[PDB]
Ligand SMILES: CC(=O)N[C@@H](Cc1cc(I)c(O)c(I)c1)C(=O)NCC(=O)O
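For reference, the chain that follows is the form deposited without the ligand, supplied as structure tokens.
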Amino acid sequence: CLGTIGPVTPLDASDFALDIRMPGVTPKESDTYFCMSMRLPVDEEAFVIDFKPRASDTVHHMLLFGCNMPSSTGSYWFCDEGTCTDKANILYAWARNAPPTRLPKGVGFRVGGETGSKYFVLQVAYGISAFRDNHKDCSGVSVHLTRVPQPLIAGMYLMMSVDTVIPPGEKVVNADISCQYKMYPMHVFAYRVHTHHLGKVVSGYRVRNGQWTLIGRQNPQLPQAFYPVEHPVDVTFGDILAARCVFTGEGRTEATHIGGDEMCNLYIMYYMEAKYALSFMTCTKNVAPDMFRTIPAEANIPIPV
């Protein structure tokens, strides 16, 4: 917190580093989520091509989002209040002991410009010793940006459930998500799963001509970082993306709805060739419910915490 680093560090003619660091916060109670924003210093298009975590020891988890309207203009805030008022687009997730895993060579997220995010929003989640004379913490992430066009553009394919209810006691409830893919090819290289306490497992697949290829499979009670996809999965025009979240209602007194409460989110991080690329994409439907009768057995086997 006596760093001399400077928020923008020029690197060479076309690149700069952005240091995104909590402005000296004091985590009070445990499980505390703090948020801060950082404006891109350029107006034109740039590419985020690398990330370096600068985490304290006590930092459990960090997320980085791109958006155009952070939820506060304050120095920092509590993320309970929200991340961005507009769509918060996840770019990066770090968890202690997870390998955060790198952007592949030639891949960048596109920001700035007419259609790219104007701000980053950083979230830092703290795990706290009750002495320390109000310790100041400046955890965060350094971001590497370039104005040199990248050949491959990263983006997020967000699958989410909204139609499903968990009746009390049911032990096993499936929430299924599926959409037809109709863009240029995307190549999936990482995934993140999100659910609250009732989630057991979250699985994502590419389905082509009735054959299922796993994108990724994880227990959402583990740290919600981005996990790497072993061998990147090409998703192409005509494929279906399918995801299933497995819930419990055991110990529940009343029904639980999948709506912010429970959630079934699968973040599929991809790249696409630059000239055909888009930054986002979402599925919020179950268009092919019948196909889940053929889902691989593995999508139902638990992954204990």
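From 1 onward, residues are counted along the sequence shown.
The next section is about a form of this same protein that is not shown, the form solved in complex with the ligand.
By the criterion of a heavy atom within 4.5 Å, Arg54 is counted among the residues contacting the ligand in the entry with it bound.
Among heavy atoms of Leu11, some come within 4.5 Å of the ligand in the entry with it bound.
Shown alone here, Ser142 lies within 4.5 Å of the ligand in the entry with it bound, counting heavy atoms only. Shown alone here, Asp50 lies within 4.5 Å of the ligand in the entry with it bound, counting heavy atoms only. Each of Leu63, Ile90 and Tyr267 is positioned with at least one heavy atom within 4.5 Å of the ligand in the entry with it bound. Remark: of stretches 68-76, 114-122, 153-161, 167-175, the one touching the ligand in the entry with it bound is 153-161 (heavy atom within 4.5 Å).
This chain is drawn without the ligand; in the entry with it bound, the residue among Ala277, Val246, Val59, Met263 with a heavy atom within 4.5 Å of it is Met263. Proximity to the ligand in the entry with it bound, defined as a heavy atom within 4.5 Å, singles out one entry of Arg102, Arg132, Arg96, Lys136, which is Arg102. In the entry with it bound, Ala17 is the single residue of 17-31 with at least one heavy atom within 4.5 Å of the ligand.
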